[PDB]
Each structure stands twice: as C-alpha cells, then as structure tokens.
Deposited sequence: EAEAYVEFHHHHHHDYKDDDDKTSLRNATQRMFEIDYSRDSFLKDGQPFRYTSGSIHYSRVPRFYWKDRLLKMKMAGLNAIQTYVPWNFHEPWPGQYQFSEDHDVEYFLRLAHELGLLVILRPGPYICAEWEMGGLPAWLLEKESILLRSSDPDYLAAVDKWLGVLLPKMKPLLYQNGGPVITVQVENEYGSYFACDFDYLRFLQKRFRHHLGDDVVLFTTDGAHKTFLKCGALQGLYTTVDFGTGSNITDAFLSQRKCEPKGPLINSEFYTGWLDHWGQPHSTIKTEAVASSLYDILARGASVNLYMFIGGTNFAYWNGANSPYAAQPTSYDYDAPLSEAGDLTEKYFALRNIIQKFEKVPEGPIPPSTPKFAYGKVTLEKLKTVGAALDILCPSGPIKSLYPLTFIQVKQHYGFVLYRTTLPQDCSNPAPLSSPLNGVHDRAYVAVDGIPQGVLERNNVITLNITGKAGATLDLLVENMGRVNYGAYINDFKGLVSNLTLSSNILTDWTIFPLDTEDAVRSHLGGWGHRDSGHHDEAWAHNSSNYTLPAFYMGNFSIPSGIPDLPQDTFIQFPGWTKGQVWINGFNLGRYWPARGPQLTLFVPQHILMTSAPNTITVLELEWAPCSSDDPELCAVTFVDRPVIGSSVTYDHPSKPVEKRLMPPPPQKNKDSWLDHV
C-alpha cells in the first residue's frame, strides 16, 4: 500500500514513509499536441525534475453541458499514464478555474447562459455545474492517485482564489467536500496564492495546505514567511516559480534571464522547499484557446513563455542552466537527451481566394440565422468561440458618411464592417467605438464580430462576447437583426462544401496546397508559418486550426506547425481566413502567398 502525505513534525512530505520533496515543471497537455507529449515529458525528466504539474481546463473537456472530450489531444488520462510510465509524479490542478492565459480561465462559456451568474462563488447555478463536472472528472482521476498506483501526489483546489473579489469561503468548502467525496480522505489537497497576506486572506482554507507562488523579482525569505504565517508546519512550496512571463498582442515578447531563474531556483532548492517551474514548456494556444486581461488585452497564439523548453520543445540555454542547478541537489538521469526536433523551411506556398465570408454563409450557417430586435450575444446565439455575423439594413440613406457607433463600448472584441459588400473598416473594444459608413437606404450592414479571448483573470471573467449592447447610426438605435453563428471549423474541414459531408478587403477564405514527398525518413518535419503582407486572421492546415496570426501587431510573426498534421503524397490544404486586408488583389499571384521557415519569430519589434 502506497502512501503520500505531509509530515507536519518535520516540515516535509512523506513518500511511502520516506522523506520527499519535489522539483516540478509545468506542462499543459492542452497546449502540446499528444504526438509530442512523450517527447516533452522525457526532456522534462532528463532535466532532473521528479514531477510535473498540469492544469485541467474544464472548457477543453466539456464544450457543451454533458458532451465530453477525453480522447486524442484531450486524453488527460493517457497523458497522466505517460507521465507515470516515465517515473514522474504529478501535481494535478483541476480548477475548476485555472486562469492560465486560457479562454475564460478554463470555465465554460455556456455558464454565461445565466446572464447574472457570479462565477467562482456559491451562486447555486455555478455550483451545480461545477458539481456535475467534478462527478465526471474526479472519478477518472481517482485510480491515478498515488495511493491507488498512479502518479498524482497532490491536487490543487481552485487557483489563487485569494486574488478574486468574491471571497466566498462557502465556495471553497464545497470544492473541498467534493474533492474529498470523489478522491478520498488521504489525497493531499492544497491552494496556491500570491506570497502576501492580502492574497492569502481569501485564498487559504482550513484542511487545504497553503502554498505560495513568486518569481525571480521576489525576496525568497519574505515569500516563504508569508506561507509560514498560514502553515507554521509542513513543507515550503512555491507552486509557480516563474521561468518567464506571458505576452500580449502589440507588446514586446516577455523574457526573463537564464541567470535570474537559475539563481532563484538554487536559493529555493537550498531551503529544502518543493518548487514548481511555471512554465517549463509553454507550447501553443491552438484555435481560440488563448485568454486575455483587463483592460482588454489578448494574449497571442504562442505560449512559448520564454520557458526552458521552447514552444516547439527545443532545448535552450535556459534548459541546460536549470538542469545544472538541479544537478547540485540530485543525481539527474544518465544518457543523452532527446533532441530539439528538426525544422524544415517548405518555402513559399501561393494561395488564392476561394470565397468571402458573406458568400459562404449557407455553408457557415447551415441551420439558418436567429432574428432579433436588438443584438444578441455570442452566448445567446449558442456560439462560444470564433466569429458571428450580425446583419441589418440601413434605415436611412447614408450617401454622406454617418457615424456607426456602440455608445456603451460593447463590440466585444472586434467588428469587421461592410455595407453592401464594401468594407468600411473596424470597430474595436476600447479603442474605436465609432466608424463612419456610407451606403444607400436599405443597404445591408454586416458586422463580423470576433471573440479575441475571454478574460481569464480579474473581476471581469463573465465576458459574454459579440455585440453586447446596442449599435446606433447617427445616434439612433439600429433594430431588426439577422444573426448568423459561423461553424467555421466544419466549413473549413469541408473546404466550404466543396468536398461534401461524408484600406481593407472583405473578410474571406484563401486556400492553397503544397506537397511533400513520401519515402523520405526525415519528412515531414516541424515548421513555422509566416504571413508577409497579410494583416489579421485565422489559419488552418488540413483543417487543424493553428490559431491566430496578427503580423500587423506582433510580437509573434510565425505560428508553430507540428509535423503530424502534415501529410505526404496527398496535398496539404492551407486555409487562411483574412479579416482586414489580404495581399491578393494585384496582378502578381506570387504576393498572395504564405511562407514556411525553420526558425520561430515570436520576439519582434
């Protein structure tokens, strides 16, 4: 019978009766394709880590109530078995809120169908949904608990609840009760909060062990004293020792020096503390999974994070320096390290425009639109991610430019506006709430509205999306709306129906093919796609949504392309949805193209 426990007398963990502490690394299985899970986990082991830490994003597994995804890239059970087979332990963080620069901090958007829900509280509607999620997830985690033969040694309840305004201790008690019900009475349950009494006040709970987080700019002594104030006995734990930091579109790429991380890691380890490296590998926010901060600023597609392992899993100087730190305390595994993957510049691939969004509406919205007097939000129209088209008619002639506006700043988050197929420009949450339009009376006014990511931290995580308040034209509220939820993902997988079902330009889908020879042992290889001359959009290869590009803002210019979605002999189909301006009018088809390169550019001006 296997045991894992906190030893209070000796300020230590006990593993099968023996003293234990962990040196862990954060890896998010939802940000690494499964094809590479073993690769990253093995490099994590060879670095000298004896555990890994991950988050379970609720919204990654229950995109509608009672419809679950636990297979393929969503197979959290297999991921945890893979960690166990490699001799790694696991610190599980199942939320139900994870923060994590992930859409809505992991909470499902369909929770907002109750408009007034208070998230992360004893709101009975929030609790009932949490409870049903825990009834599905936790029984799957139970045989993976250390004491039942699996790798899970500790489990985090909530995530820095001390940072949220609500301070609902009933909430935290309900989670504890439920985690206990499903997992048993022996599993070590813990919390993590900023290393300061003001955060620990509302984050800490009797019965759950109190850990802190802090990075290389914090005084180590103060931070651990802050923890000691809440737990006078038991191990010192930094649950998120920051190896890097998050980005936002339009801001420079965050970095943290190798020497600062190495030195702080040395100091933490020397105190005998358990430590988790956040992030050890960051990876990618594929599709629409990124989050945002308030005041509204979205995080980009890359989650490279400047982590010791790069986005594509490369071994960096930082990796080796940290491995060397760990070597001073433990005997790191022997033998060569699995390498940085080979990267391949497939070169330039021409695209051509297939159809505008407005022309593809039949395929994007095959059940037809929802008619409404005033606009409806993403949530009301039963779409959570991507894009929704809002359509009306001009109730006046606008031969002279008239102001189209959202007086309460409720374009959440960007609208690409057209009037009888003539693009008018953009409305933008917080930046531009008015845009002048022209056209005749009775012209069709289209706003293509993009969810850029639900805020994942702060008070404003109840971030519905779409047109969340009225639009006016010349000060008068525009009524009579036709609203098309866009099934972009299906439509792209069907090549807009073409394959069956077995200054600005109009938002449109541009497609192009490239081939890769068979019988070559080293092809395909990973690559990086770049969009010189494009502006802002979404990109897919063979229907796999790689995420968002926005070279107009940076810092990210390339997107990471893992080799397993690429195919040999059979043509690889690139689909680009360009929202703002495509380099594709002129009589040079060579300009209407993307380029694959062999080094990332995530760190641009």
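- Unmodelled regions of the deposited chain sequence (numbering from residue 1, in sequence order): 1-29, 532-545, 649-678.
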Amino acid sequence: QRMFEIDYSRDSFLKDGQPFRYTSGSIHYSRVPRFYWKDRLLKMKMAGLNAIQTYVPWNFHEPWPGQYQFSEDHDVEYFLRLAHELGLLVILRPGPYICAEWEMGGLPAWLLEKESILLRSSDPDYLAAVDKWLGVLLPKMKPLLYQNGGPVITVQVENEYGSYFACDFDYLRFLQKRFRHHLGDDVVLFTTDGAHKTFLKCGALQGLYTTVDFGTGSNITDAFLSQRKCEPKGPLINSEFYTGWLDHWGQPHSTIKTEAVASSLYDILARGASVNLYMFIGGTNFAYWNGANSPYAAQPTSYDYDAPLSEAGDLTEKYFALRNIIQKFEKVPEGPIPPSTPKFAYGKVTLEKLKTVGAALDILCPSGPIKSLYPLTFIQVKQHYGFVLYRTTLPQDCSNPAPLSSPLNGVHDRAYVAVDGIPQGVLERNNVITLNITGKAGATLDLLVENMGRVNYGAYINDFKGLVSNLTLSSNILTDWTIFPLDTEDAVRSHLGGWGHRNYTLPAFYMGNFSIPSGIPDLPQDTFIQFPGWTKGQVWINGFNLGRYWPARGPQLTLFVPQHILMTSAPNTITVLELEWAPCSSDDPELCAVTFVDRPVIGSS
From here on, numbers count along this sequence of modelled residues.
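- Taking the PDB entry as given, 333-341 carries the higher mean Cα B factor of the two stretches 277-285 and 333-341.
- Higher mean CA B-factor, judged across 195-203 and 467-475 from the recorded values: 195-203.
- Of the candidates 500, 232, 308, 521, the deposited coordinates give 232 the top C-alpha B factor.
- The entry lists C-alpha B-factors for 495, 140, 429, 93, and the highest of these is at 495.
- In the PDB entry, a CA B factor belonging to the middle third of its chain's modelled residues is recorded for residue 24.
- The PDB entry assigns residue 571 a C-alpha temperature factor belonging to the middle third of its chain's modelled residues.
- For residue 34, the recorded CA temperature factor ranks within the lowest third of the chain's modelled residues.
- Compared with the other modelled residues of the chain, the Cα B-factor recorded for residue 391 ranks in the middle third.
- In this PDB entry, the Cα temperature factor of residue 257 sits in the top third of its chain's modelled residues, the highest group.
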